[PDB]
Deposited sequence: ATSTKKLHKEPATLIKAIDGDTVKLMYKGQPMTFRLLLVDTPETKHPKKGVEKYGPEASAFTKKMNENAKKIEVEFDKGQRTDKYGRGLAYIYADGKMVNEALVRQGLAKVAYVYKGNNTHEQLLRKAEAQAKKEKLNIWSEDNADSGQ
């Protein structure tokens, strides 16, 4: 897979962010993560603040499409997002602010990696796992 440059335009919530990709604005849905709903579920606003802060403080944001379908039915890009080289999808799961989601249309490259971050968060009874 390859990382492509992007520019943060605006946070939306825990699992979604608006990015300038290839010169055009696009909404991205983070692959393989299921955060709590805000629009509220417990930790829903925590997840949103986390994603918002991580992308905001980042010097460089990168988009990494997986090997499966690249956009969902609502026109959102399906990818792994990196903030200064750190994967937000993974950071979220590791912080116990999101559960790993069902694989979607062959986009499973990082499933095990997130799977492990999640086991650890649960082991630490962190946030959602409290």
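Not built in the structure, per the record, are deposited positions 1-6, 46-50, 142-149.
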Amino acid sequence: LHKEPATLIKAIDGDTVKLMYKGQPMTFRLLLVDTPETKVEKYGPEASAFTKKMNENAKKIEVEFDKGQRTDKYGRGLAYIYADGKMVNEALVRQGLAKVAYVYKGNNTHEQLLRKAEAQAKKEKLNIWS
From here on, numbers count along this sequence of modelled residues.
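Higher average CA B factor: 96-104, of the stretches 69-77 and 96-104. Remark: stretch with higher mean C-alpha B factor among 28-36 and 85-93 is 28-36. Sorting the modelled residues of the chain by their CA temperature factor places residue 48 in the middle third. The entry lists a Cα temperature factor for residue 61 that places it in the lowest third of the chain's modelled residues.
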